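Remarks on the structure that follows.
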Amino acid sequence: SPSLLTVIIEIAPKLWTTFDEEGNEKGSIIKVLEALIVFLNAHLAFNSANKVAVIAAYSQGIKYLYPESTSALXXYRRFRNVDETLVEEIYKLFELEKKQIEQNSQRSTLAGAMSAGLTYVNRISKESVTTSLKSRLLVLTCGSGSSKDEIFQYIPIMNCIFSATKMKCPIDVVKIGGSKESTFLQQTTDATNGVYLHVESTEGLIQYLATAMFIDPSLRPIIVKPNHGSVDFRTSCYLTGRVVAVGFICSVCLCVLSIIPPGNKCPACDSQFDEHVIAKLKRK
Amino acid sequence: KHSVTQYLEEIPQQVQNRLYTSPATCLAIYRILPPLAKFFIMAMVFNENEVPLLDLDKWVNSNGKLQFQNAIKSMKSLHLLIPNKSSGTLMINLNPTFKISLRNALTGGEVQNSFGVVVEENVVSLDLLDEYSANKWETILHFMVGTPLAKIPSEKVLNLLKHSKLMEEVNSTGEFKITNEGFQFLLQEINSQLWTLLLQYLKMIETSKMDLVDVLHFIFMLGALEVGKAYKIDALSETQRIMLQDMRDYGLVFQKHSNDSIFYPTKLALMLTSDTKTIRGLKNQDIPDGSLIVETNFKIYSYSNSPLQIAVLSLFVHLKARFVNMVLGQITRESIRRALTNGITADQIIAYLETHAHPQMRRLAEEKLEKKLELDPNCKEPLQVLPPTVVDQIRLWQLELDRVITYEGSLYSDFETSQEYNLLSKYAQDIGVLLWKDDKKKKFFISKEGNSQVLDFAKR
Amino acid sequence: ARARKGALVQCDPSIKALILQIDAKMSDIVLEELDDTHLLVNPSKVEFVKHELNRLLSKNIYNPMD
Amino acid sequence: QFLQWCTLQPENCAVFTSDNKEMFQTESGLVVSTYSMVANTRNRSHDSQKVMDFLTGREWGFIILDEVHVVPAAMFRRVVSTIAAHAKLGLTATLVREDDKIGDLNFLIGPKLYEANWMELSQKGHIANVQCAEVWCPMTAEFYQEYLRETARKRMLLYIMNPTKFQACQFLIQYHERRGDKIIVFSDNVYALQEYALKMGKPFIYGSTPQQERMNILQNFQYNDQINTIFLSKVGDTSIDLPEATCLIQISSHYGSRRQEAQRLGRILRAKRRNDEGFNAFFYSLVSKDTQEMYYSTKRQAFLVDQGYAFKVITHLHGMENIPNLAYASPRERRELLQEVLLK
Amino acid sequence: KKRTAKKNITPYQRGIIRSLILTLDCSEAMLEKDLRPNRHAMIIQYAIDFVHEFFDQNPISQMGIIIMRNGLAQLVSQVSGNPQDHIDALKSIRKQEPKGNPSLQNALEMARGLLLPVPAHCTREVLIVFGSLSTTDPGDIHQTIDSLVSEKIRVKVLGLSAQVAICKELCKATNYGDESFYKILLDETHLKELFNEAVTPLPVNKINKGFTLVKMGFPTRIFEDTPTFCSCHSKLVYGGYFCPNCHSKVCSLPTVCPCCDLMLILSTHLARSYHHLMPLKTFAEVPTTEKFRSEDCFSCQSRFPXXXXXXXXXXXXXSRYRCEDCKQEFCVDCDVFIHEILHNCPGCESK
DNA sequence: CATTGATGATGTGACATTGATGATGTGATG
DNA sequence: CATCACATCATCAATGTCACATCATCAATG
Ligand SMILES: [Zn+2]
Ligand SMILES: [Zn+2]
Ligand SMILES: [Zn+2]
Ligand SMILES: [Zn+2]
Ligand SMILES: [Zn+2]
């Protein structure tokens, strides 16, 4: 059962800047690259030549890291070439970093990279009808702050959720960041069947790597290792911002709101609601 | 099957660690492992602390501890670990030679034999000397199975085949027909035949100039990568070099002539480990080059051909004349009674025709497989997947031809109690060593597996 | 290890009985019997066993195709 | 059997082809006929020869023939030589025949226009859902000592007689009464057949019969469910108004030739309009297993599937011994039955 | 050479919570030999297909199923929020066989009776499946049509190889005049596509009716394993969900509460609806020689697009169907799969 | 108890078979 | 080497061998 390893490791020199900034400057994410390179060699060994891939998110975009986009136009001899290719790629992307790169700090291109990974996976799986891969992915984040909960990218994150679920794809996660449970990714792995890795920085991750993210490719009979509970009291009222439990859900807009509603024209969609219906709501 | 893994375990412990000396051998032997074991290995390789069994006991949830014991019993069988009743527990730890060699291979080990080849200008294209390798391999197939000329000049190769009594004809008079070993050779396609003969080469040279671990390292380097430059030049012991030279004589070395070069890595040894799509003057016509016709008509309908494969077909069938894209042949009760004269069970042949000659029965197996697996419980009756009328008349014929059915093995004895007989009887319902038995007689005529696992449990 | 080398033939007890008939005929080359469904034989005679098996069984049957 | 439902009035076609002494030469209308004095050269009457010469005298603008194959053509060649006609018609029965001489009667009458097609007349509404079967009636050593005692065809019923065969067929009978299906049983034997017919004891069919009771059992077969088993003797062929088949049991297995069996089956599986069962037409071949007729039953199923109809074997009878009237189930009573069949 | 929806109007409000009722005809008409197995069993097949399709794509809606036989119409499924009830109902049907003819009026009236307890936010649509050439009514037809479309229920019908303009007139009535719903077919591929578009929520130019809020809450998964106990089937429930206020246990289902009767989903279903809220601008095939972009795919990596002038072949389809608002590429399979499964325009989501 | 008729009886036609006897191949030979 | 002579093989045709075919006889029917 050959399987595909699609590791998603973000590299924001902002997130990496936090990575060094948290704790000491005793070891850069270079260690993370190393542990990942070793782990990729491991997964490649694991099966009889089972394919893999990796992409990462710039401050201003993304690029296929393993695949070696059309550019011309040791150990097994092949772990060498894959990793070395990768190293040239990542450093050359490190040329793609400067003040203009230090400008594009509006969004987080995690979701788009995730989707494109799913897309290329499907491009194989639909292209690879013969030798059907039983594939899955991994997420990596040198976690940081300065944007407590970026909510903009949450929707297509859910869309990727369903994309994998229908595509029947395990998706495990390793966030390496401050003591913040990424409920987005938390419930993502939760439903879409991954394993939650909220870790600290300087530990040699190799152990967690080889342990927690070898389950799926064909197996999944083992006790999963999630974090503590995965409550589904979901995103807050769009107006209030405090996490909401008993739904006050607006309309075809589906703006999720609190006991607030302005009596009309929910503060996401310009669409009125019968004020007598508002009396029916406040009949509580 | 003798199950090359079992031969690996067969050698005693000290020589097994003699072979863990090569991390390349470490990985190669890791790759045959059960994924149960493979994963558990990878778990243990680096937590530098031996471990009790119960952790892996709790690793498996419900049904699947069967393969858990598969993993542990097999790993015990080749002793890659050392079980340890240290504190009365099972303090599991690998052979630290095995684990350390593999670990070095994980991060650039010192196994230069794993990379004894050299990156030089290898002039070998895919078709480059390749079609020559396919020609020689087909030549051995024809000569051993019986070619119009059995042109095998491998007096060494013929000696390796005969010394094990592989192919059976009047050998003193020169007859070498497909014996029981020869019929099975008609059966083990590539991995089957390639492995039977890799072990035949093992047997031919096993005492004198053995260099057993070194020869094994040569075998695994062959199975590993195209030796390319400097392989035969440098990366081999003189004994391993002679083994590689014979392998080239056996085709298994895809190097040029003249006895001076790096190791030319022919696809034979790559596939020997890989077990994938098996296709190897200046012509070659695939993929559908394999030809046959086998449907529920009980008849041959062939357009493509492979004169080796056509010889195989003619084996279990009658023939009258060769034609454009078909040969004169209809499969019957008599046609397979032929193979049954060689005793050749038409039990290989069922899944063989489910393996062979589908290169011309692609629509046949796509119409009659129908992907009737999700539909297997939906629409209950399977849709001729695979064709069971064919198996029915074949099987039926065997039963008919099973009037004086014979059994293999020998009649075991010294059974005293129903405790270990209940035990050994159910465990032979479990490992499948039993055909028939009875405590009442304390008798059964089977192979020695039950005996093997009870003999091993009782003594060590 | 404990066993006795042989060629274990199994069939319905009638067929075993006929086999042993022809065997008693052929100087009785069944090394031992285990029961009505089991016999112990030597492959230095069982093929000739099939020989006379076919001989007498066809002399009886003769298969007219009719 | 047909022509009076059909559009003729019986007053004109005189059946003294060779049969009677009938109205030769006064048939205002056509004549229905055979080959039995036309030239079966035993013309002893001369009214016989008179119908011959009368066939000569009037120029028969058309001639309708049926299965002349068994007849030597020579006689028919002489008769058509006598008629001075100018056209004919030949309705063939088998594909390659004995009147296929240097003159095939084809070019004598005319070209082939249509050919038979079973696969086209037994999978829609005419003879759809057709399935064959060959039960292997459990052997018992008495049959094997009969095999041992002799090599003579006398052994035929000696294996046919199997009481387990009666039990399988009796489950089929209780089943098709339970299914409302119709059961055809073929048996060329007389003795063991009447023993079973007593053993089952419904209004049953046998040889040697005067026949208004066969009309009774045909209707009360196509008309009554209390009686749901008929045994078809070789007296059935030829020819009868062949019963349609919902459950055909065949016991006698020589029936030489192979094409004899062919016509027999293409007649027995008559156009049957019942579709309640997923396989409305069951063909059964009760053959005692481990016997002389194993080869013949294998050849039977071989020729079966040679020509299209679905075939199977269910040798796992649901309560094979739970069936009532377990008559002669004892190997021993089986032995007495074989004694009697030796006597029959 | 394109056959493409020029204007994909979707940025508005479609019918989301649809009380869908497929109706079936199991008559001697569905037997007839024009389809490969038959009309009948093939219809059962594609109906099962639609059960899965719908309850996937509309995983917050409800359904009941009705068949028609022997001048009579027969429901086969109570309003059910578990797919398998419909699935096994369809199984139990396929083995039963068709007879007689459709009493269209009775089916319409049974459906009319059914969808009454559906509130406003819950919308009402029936789904005819027709293959007959006539009906059998016991009640005045346009009478009941008046009642139906007077109670705000559009219907989509799928007739077989004919046309019956009463169907078109009744639909046009139910569909506020404008008609597209009398889709009949000429091929089986055609058939399944008909299904797949029947799945999606259906707008035309909405009558601006009441936009009502919907209130609910969310349950929570259980912890104890042995504690098996249920209140929705009264069976053993080794762990499941817990009404946000009524705090009863519920075996896995997106259903409404069975104690205080409120809806219970997580969030995922809302997200599917959003995927049906703002679908994207269609990937325009870049102009042949005027495109001259990078020579691969962006979403995937597909280096093929042209052979650079083979007179005819390369000058055919310079296939770089790239997005509109993002203008970022994606190959033909990428376009098909993006627009099909994960609309999820990364190039447009990217910035 | 006359009658008519269904069904066995034995006469007779037609071809398979086996065999007696010519035919021509071949050895001996002057 | 040309010749005749035995020597197995070919071919008409009796033999018998069975099979349809009208005639005889018990026995129900009215
Ligand atoms: Zn809103
Ligand atoms: Zn419940
Ligand atoms: Zn509640
Ligand atoms: Zn693409
Ligand atoms: Zn876009």
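Labels for the structure tokens follow display order: chains A, B, ..., residues from 1 in each chain, ligands from 1.
Based on only C-alpha atoms (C1' of nucleotides) and all ligand atoms, the protein and nucleic acid residues found within 10 Å of ligand 4 are, by chain and then by number, residues 116, 119, 120 and 123 of chain A; 296, 297, 298, 299, 300, 301, 302, 303, 304, 320, 321, 322, 329, 330, 331, 332, 333, 334, 335, 336, 337 and 338 of chain E.
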Inset, instruction - Find the spatial neighbours of residue 20 of chain C, counting only C-alpha atoms (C1' of nucleotides), within a cut-off of 10 Å - ignore same-chain residues fewer than 6 positions away - and output them as JSON, numbers by chain. - result: {"C": [14, 26, 28, 29, 30, 33, 39, 49]}
Convert the current residue selection to file output with C-alpha atoms, as an mmCIF file, in the first residue's frame.
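Ended up saving to out.cif:
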data_model
loop_
_atom_site.group_PDB
_atom_site.id
_atom_site.type_symbol
_atom_site.label_atom_id
_atom_site.label_comp_id
_atom_site.auth_asym_id
_atom_site.auth_seq_id
_atom_site.Cartn_x
_atom_site.Cartn_y
_atom_site.Cartn_z
ATOM 1 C CA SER C 14 -14.835 -47.771 -1.007
ATOM 2 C CA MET C 26 0.339 -55.934 -6.646
ATOM 3 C CA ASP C 28 0.345 -55.247 -1.373
ATOM 4 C CA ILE C 29 2.618 -52.187 -1.492
ATOM 5 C CA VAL C 30 0.610 -50.178 1.040
ATOM 6 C CA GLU C 33 -3.428 -48.297 6.888
ATOM 7 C CA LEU C 39 -3.544 -45.634 3.698
ATOM 8 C CA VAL C 49 -0.933 -48.504 -8.761
#
Chain D contacts to chain B at 12 Å (only C-alpha atoms) as a ChimeraX atom specification | /D:289-291,294-295,298-299,301-302,305-308,310-313
What would the file look like if the residues just selected were written as a PDB file, in the first residue's frame with N, CA, C and O atoms?
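File produced: result.pdb:
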ATOM      1  N   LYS D 289     -24.151 -40.509  -8.151  1.00  0.00           N
ATOM      2  CA  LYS D 289     -22.743 -40.140  -8.164  1.00  0.00           C
ATOM      3  C   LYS D 289     -21.859 -41.373  -7.995  1.00  0.00           C
ATOM      4  O   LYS D 289     -22.299 -42.425  -7.527  1.00  0.00           O
ATOM      5  N   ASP D 290     -20.597 -41.232  -8.409  1.00  0.00           N
ATOM      6  CA  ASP D 290     -19.602 -42.305  -8.335  1.00  0.00           C
ATOM      7  C   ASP D 290     -20.103 -43.559  -9.053  1.00  0.00           C
ATOM      8  O   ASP D 290     -20.210 -44.637  -8.475  1.00  0.00           O
ATOM      9  N   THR D 291     -20.400 -43.404 -10.336  1.00  0.00           N
ATOM     10  CA  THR D 291     -21.073 -44.462 -11.071  1.00  0.00           C
ATOM     11  C   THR D 291     -20.521 -44.558 -12.485  1.00  0.00           C
ATOM     12  O   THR D 291     -19.567 -43.870 -12.864  1.00  0.00           O
ATOM     13  N   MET D 294     -21.239 -41.278 -14.771  1.00  0.00           N
ATOM     14  CA  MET D 294     -20.598 -40.000 -14.480  1.00  0.00           C
ATOM     15  C   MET D 294     -20.095 -39.349 -15.759  1.00  0.00           C
ATOM     16  O   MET D 294     -20.315 -38.153 -15.998  1.00  0.00           O
ATOM     17  N   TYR D 295     -19.431 -40.137 -16.605  1.00  0.00           N
ATOM     18  CA  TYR D 295     -18.945 -39.633 -17.883  1.00  0.00           C
ATOM     19  C   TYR D 295     -20.095 -39.157 -18.761  1.00  0.00           C
ATOM     20  O   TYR D 295     -19.992 -38.118 -19.422  1.00  0.00           O
ATOM     21  N   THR D 298     -21.444 -35.867 -17.446  1.00  0.00           N
ATOM     22  CA  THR D 298     -20.521 -34.795 -17.804  1.00  0.00           C
ATOM     23  C   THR D 298     -20.665 -34.417 -19.272  1.00  0.00           C
ATOM     24  O   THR D 298     -20.716 -33.231 -19.619  1.00  0.00           O
ATOM     25  N   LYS D 299     -20.741 -35.416 -20.154  1.00  0.00           N
ATOM     26  CA  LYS D 299     -20.996 -35.152 -21.566  1.00  0.00           C
ATOM     27  C   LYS D 299     -22.339 -34.455 -21.757  1.00  0.00           C
ATOM     28  O   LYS D 299     -22.488 -33.598 -22.639  1.00  0.00           O
ATOM     29  N   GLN D 301     -23.921 -32.350 -19.640  1.00  0.00           N
ATOM     30  CA  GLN D 301     -23.805 -30.927 -19.333  1.00  0.00           C
ATOM     31  C   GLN D 301     -22.903 -30.215 -20.331  1.00  0.00           C
ATOM     32  O   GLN D 301     -23.119 -29.033 -20.630  1.00  0.00           O
ATOM     33  N   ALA D 302     -21.906 -30.918 -20.867  1.00  0.00           N
ATOM     34  CA  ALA D 302     -21.068 -30.334 -21.904  1.00  0.00           C
ATOM     35  C   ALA D 302     -21.903 -29.939 -23.114  1.00  0.00           C
ATOM     36  O   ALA D 302     -21.843 -28.795 -23.569  1.00  0.00           O
ATOM     37  N   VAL D 305     -24.339 -26.903 -22.270  1.00  0.00           N
ATOM     38  CA  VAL D 305     -23.747 -25.579 -22.401  1.00  0.00           C
ATOM     39  C   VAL D 305     -23.171 -25.351 -23.791  1.00  0.00           C
ATOM     40  O   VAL D 305     -22.873 -24.208 -24.154  1.00  0.00           O
ATOM     41  N   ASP D 306     -23.046 -26.409 -24.600  1.00  0.00           N
ATOM     42  CA  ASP D 306     -22.704 -26.236 -26.008  1.00  0.00           C
ATOM     43  C   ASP D 306     -23.741 -25.415 -26.750  1.00  0.00           C
ATOM     44  O   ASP D 306     -23.435 -24.872 -27.817  1.00  0.00           O
ATOM     45  N   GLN D 307     -24.963 -25.329 -26.228  1.00  0.00           N
ATOM     46  CA  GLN D 307     -26.066 -24.765 -26.989  1.00  0.00           C
ATOM     47  C   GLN D 307     -26.894 -23.742 -26.213  1.00  0.00           C
ATOM     48  O   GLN D 307     -27.978 -23.364 -26.682  1.00  0.00           O
ATOM     49  N   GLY D 308     -26.433 -23.289 -25.042  1.00  0.00           N
ATOM     50  CA  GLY D 308     -26.876 -22.005 -24.522  1.00  0.00           C
ATOM     51  C   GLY D 308     -27.475 -21.899 -23.131  1.00  0.00           C
ATOM     52  O   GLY D 308     -27.259 -20.893 -22.444  1.00  0.00           O
ATOM     53  N   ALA D 310     -28.600 -21.966 -19.253  1.00  0.00           N
ATOM     54  CA  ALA D 310     -27.883 -21.889 -17.990  1.00  0.00           C
ATOM     55  C   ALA D 310     -27.848 -23.252 -17.308  1.00  0.00           C
ATOM     56  O   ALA D 310     -28.826 -24.000 -17.323  1.00  0.00           O
ATOM     57  N   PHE D 311     -26.704 -23.575 -16.711  1.00  0.00           N
ATOM     58  CA  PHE D 311     -26.508 -24.861 -16.060  1.00  0.00           C
ATOM     59  C   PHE D 311     -25.876 -24.660 -14.687  1.00  0.00           C
ATOM     60  O   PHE D 311     -25.125 -23.706 -14.467  1.00  0.00           O
ATOM     61  N   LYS D 312     -26.199 -25.567 -13.765  1.00  0.00           N
ATOM     62  CA  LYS D 312     -25.668 -25.536 -12.405  1.00  0.00           C
ATOM     63  C   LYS D 312     -25.806 -26.931 -11.802  1.00  0.00           C
ATOM     64  O   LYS D 312     -26.296 -27.859 -12.445  1.00  0.00           O
ATOM     65  N   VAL D 313     -25.349 -27.069 -10.557  1.00  0.00           N
ATOM     66  CA  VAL D 313     -25.578 -28.267  -9.745  1.00  0.00           C
ATOM     67  C   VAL D 313     -25.734 -27.833  -8.293  1.00  0.00           C
ATOM     68  O   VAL D 313     -24.867 -27.144  -7.749  1.00  0.00           O
TER      69      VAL D 313
END
Quiz prompt | DSSP-assigned alpha helix (DSSP H) among segment 104-193 of chain B, expressed as a PyMOL selection string | solution = chain B and resi 104-106+130-145+155-163+180-187+191-193
Can you write just those residues out, N, CA, C and O atoms, as a short mmCIF file (atom, residue, chain, number, x, y, z; two decimals), in the first residue's frame?
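The resulting result-v4.cif:
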data_model
loop_
_atom_site.label_atom_id
_atom_site.label_comp_id
_atom_site.auth_asym_id
_atom_site.auth_seq_id
_atom_site.Cartn_x
_atom_site.Cartn_y
_atom_site.Cartn_z
N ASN B 104 22.38 4.55 11.52
CA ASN B 104 23.38 5.22 10.70
C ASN B 104 22.84 5.43 9.29
O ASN B 104 22.97 6.52 8.73
N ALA B 105 22.22 4.41 8.72
CA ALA B 105 21.60 4.58 7.41
C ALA B 105 20.55 5.67 7.43
O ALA B 105 20.32 6.34 6.41
N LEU B 106 19.91 5.89 8.58
CA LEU B 106 18.90 6.94 8.68
C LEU B 106 19.53 8.32 8.56
O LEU B 106 18.98 9.21 7.91
N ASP B 130 19.91 -3.76 -21.99
CA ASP B 130 18.78 -4.43 -21.47
C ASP B 130 18.21 -5.72 -22.40
O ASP B 130 17.87 -6.80 -21.89
N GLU B 131 17.81 -5.37 -23.57
CA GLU B 131 17.04 -6.38 -24.32
C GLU B 131 17.89 -7.60 -24.37
O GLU B 131 17.38 -8.72 -24.44
N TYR B 132 19.19 -7.41 -24.21
CA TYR B 132 20.10 -8.52 -24.07
C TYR B 132 19.82 -9.31 -22.80
O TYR B 132 19.83 -10.55 -22.81
N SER B 133 19.58 -8.61 -21.69
CA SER B 133 19.25 -9.30 -20.44
C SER B 133 17.95 -10.09 -20.58
O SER B 133 17.86 -11.23 -20.12
N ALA B 134 16.94 -9.49 -21.22
CA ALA B 134 15.68 -10.19 -21.45
C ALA B 134 15.88 -11.38 -22.36
O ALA B 134 15.26 -12.43 -22.17
N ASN B 135 16.75 -11.24 -23.37
CA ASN B 135 17.03 -12.36 -24.27
C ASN B 135 17.67 -13.51 -23.51
O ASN B 135 17.27 -14.67 -23.68
N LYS B 136 18.65 -13.22 -22.66
CA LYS B 136 19.30 -14.29 -21.90
C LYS B 136 18.34 -14.92 -20.88
O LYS B 136 18.37 -16.14 -20.67
N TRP B 137 17.51 -14.10 -20.23
CA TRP B 137 16.55 -14.65 -19.28
C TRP B 137 15.50 -15.51 -19.98
O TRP B 137 15.16 -16.60 -19.50
N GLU B 138 14.99 -15.05 -21.11
CA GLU B 138 14.12 -15.89 -21.90
C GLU B 138 14.84 -17.14 -22.37
O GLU B 138 14.23 -18.20 -22.50
N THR B 139 16.14 -17.02 -22.62
CA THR B 139 16.92 -18.18 -23.04
C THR B 139 16.98 -19.22 -21.94
O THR B 139 16.84 -20.42 -22.20
N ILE B 140 17.17 -18.79 -20.69
CA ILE B 140 17.18 -19.76 -19.61
C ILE B 140 15.78 -20.33 -19.40
O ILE B 140 15.62 -21.52 -19.14
N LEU B 141 14.75 -19.49 -19.55
CA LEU B 141 13.39 -19.99 -19.43
C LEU B 141 13.13 -21.09 -20.45
O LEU B 141 12.63 -22.17 -20.11
N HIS B 142 13.51 -20.85 -21.71
CA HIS B 142 13.30 -21.84 -22.75
C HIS B 142 14.15 -23.09 -22.51
O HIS B 142 13.64 -24.21 -22.57
N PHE B 143 15.44 -22.90 -22.22
CA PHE B 143 16.33 -24.04 -22.08
C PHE B 143 15.92 -24.94 -20.92
O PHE B 143 15.97 -26.17 -21.03
N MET B 144 15.53 -24.34 -19.79
CA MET B 144 15.11 -25.14 -18.65
C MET B 144 13.74 -25.77 -18.89
O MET B 144 13.54 -26.96 -18.61
N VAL B 145 12.79 -24.99 -19.39
CA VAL B 145 11.47 -25.54 -19.70
C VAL B 145 11.49 -26.43 -20.93
O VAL B 145 10.54 -27.18 -21.16
N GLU B 155 26.81 -24.76 -17.92
CA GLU B 155 27.18 -25.97 -17.20
C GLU B 155 27.17 -25.70 -15.70
O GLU B 155 26.73 -26.54 -14.91
N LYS B 156 27.63 -24.51 -15.30
CA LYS B 156 27.43 -24.07 -13.93
C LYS B 156 25.95 -23.84 -13.64
O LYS B 156 25.45 -24.22 -12.58
N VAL B 157 25.23 -23.21 -14.58
CA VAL B 157 23.81 -22.97 -14.36
C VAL B 157 23.03 -24.28 -14.37
O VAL B 157 22.17 -24.52 -13.51
N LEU B 158 23.32 -25.15 -15.34
CA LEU B 158 22.68 -26.45 -15.38
C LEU B 158 23.02 -27.25 -14.13
O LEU B 158 22.18 -28.00 -13.62
N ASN B 159 24.24 -27.09 -13.62
CA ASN B 159 24.63 -27.79 -12.39
C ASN B 159 23.87 -27.25 -11.19
O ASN B 159 23.48 -28.02 -10.30
N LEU B 160 23.67 -25.93 -11.13
CA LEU B 160 22.88 -25.37 -10.05
C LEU B 160 21.45 -25.88 -10.11
O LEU B 160 20.84 -26.20 -9.08
N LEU B 161 20.89 -25.97 -11.32
CA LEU B 161 19.53 -26.47 -11.46
C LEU B 161 19.43 -27.94 -11.07
O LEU B 161 18.50 -28.35 -10.37
N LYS B 162 20.39 -28.76 -11.52
CA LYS B 162 20.31 -30.19 -11.30
C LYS B 162 20.63 -30.57 -9.86
O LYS B 162 19.97 -31.44 -9.29
N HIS B 163 21.64 -29.93 -9.27
CA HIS B 163 22.11 -30.32 -7.94
C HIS B 163 20.99 -30.26 -6.91
O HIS B 163 21.05 -30.97 -5.90
N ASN B 180 8.41 -31.90 -10.82
CA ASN B 180 7.64 -31.21 -9.79
C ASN B 180 8.28 -29.87 -9.49
O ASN B 180 7.61 -28.83 -9.48
N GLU B 181 9.60 -29.87 -9.30
CA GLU B 181 10.33 -28.62 -9.27
C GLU B 181 10.22 -27.89 -10.60
O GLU B 181 10.07 -26.67 -10.64
N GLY B 182 10.30 -28.63 -11.71
CA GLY B 182 10.20 -27.99 -13.02
C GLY B 182 8.82 -27.45 -13.31
O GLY B 182 8.67 -26.38 -13.92
N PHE B 183 7.78 -28.18 -12.91
CA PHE B 183 6.44 -27.64 -13.04
C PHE B 183 6.26 -26.39 -12.18
O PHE B 183 5.73 -25.38 -12.64
N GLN B 184 6.74 -26.45 -10.93
CA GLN B 184 6.68 -25.26 -10.09
C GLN B 184 7.46 -24.11 -10.71
O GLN B 184 7.08 -22.94 -10.56
N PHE B 185 8.56 -24.42 -11.41
CA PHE B 185 9.27 -23.40 -12.16
C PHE B 185 8.39 -22.83 -13.25
O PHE B 185 8.38 -21.62 -13.50
N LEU B 186 7.61 -23.69 -13.90
CA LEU B 186 6.56 -23.22 -14.79
C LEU B 186 5.57 -22.36 -14.03
O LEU B 186 4.83 -21.58 -14.63
N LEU B 187 5.57 -22.46 -12.72
CA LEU B 187 4.64 -21.63 -12.03
C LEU B 187 5.18 -20.34 -11.44
O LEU B 187 4.60 -19.28 -11.68
N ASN B 191 9.20 -13.35 -9.26
CA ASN B 191 9.57 -13.46 -7.86
C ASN B 191 9.63 -14.93 -7.45
O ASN B 191 10.57 -15.38 -6.80
N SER B 192 8.65 -15.71 -7.87
CA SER B 192 8.69 -17.13 -7.55
C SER B 192 9.94 -17.80 -8.12
O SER B 192 10.77 -18.33 -7.38
N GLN B 193 10.09 -17.77 -9.44
CA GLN B 193 11.21 -18.45 -10.07
C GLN B 193 12.53 -17.77 -9.74
O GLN B 193 13.53 -18.44 -9.45
#
Just need the residues of chain A within 9 Å of chain B, counting only C-alpha atoms, so spit them out as a list in words.
residues 38, 41, 42, 45, 46, 47, 48, 74, 75, 76, 77, 207, 210, 211, 214, 215, 219, 221, 222 and 223 of chain A
Residue 170 of chain A: which residues within 9 Å, counting only C-alpha atoms (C1' of nucleotides), same-chain residues fewer than 6 positions away excluded, as a list in words?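 So the residues in contact are residues 135, 136, 137, 138, 164, 189, 192, 193, 194, 216 and 217 of chain A.
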Generate a file of the selected residues that holds C-alpha atoms, formatted as an mmCIF file, in the first residue's frame.
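So out_10.cif came out as:
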data_model
loop_
_atom_site.group_PDB
_atom_site.id
_atom_site.type_symbol
_atom_site.label_atom_id
_atom_site.label_comp_id
_atom_site.auth_asym_id
_atom_site.auth_seq_id
_atom_site.Cartn_x
_atom_site.Cartn_y
_atom_site.Cartn_z
ATOM 1 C CA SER A 135 -2.573 9.029 0.950
ATOM 2 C CA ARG A 136 -2.621 11.647 3.707
ATOM 3 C CA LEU A 137 -1.053 14.942 4.735
ATOM 4 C CA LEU A 138 0.676 16.725 7.592
ATOM 5 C CA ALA A 164 -10.260 15.719 2.356
ATOM 6 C CA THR A 189 -7.787 17.296 12.654
ATOM 7 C CA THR A 192 -10.908 14.963 9.534
ATOM 8 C CA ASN A 193 -9.007 12.419 11.655
ATOM 9 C CA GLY A 194 -5.557 13.687 12.371
ATOM 10 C CA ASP A 216 -2.534 6.468 8.879
ATOM 11 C CA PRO A 217 -1.024 5.468 5.529
#
Extract, using only C-alpha atoms (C1' of nucleotides), all DNA, RNA and protein residues at most 6 Å from residue 14 of chain E, discarding same-chain residues fewer than 5 positions from it, and format them as JSON, numbers by chain. {"E": [201, 202, 203]}
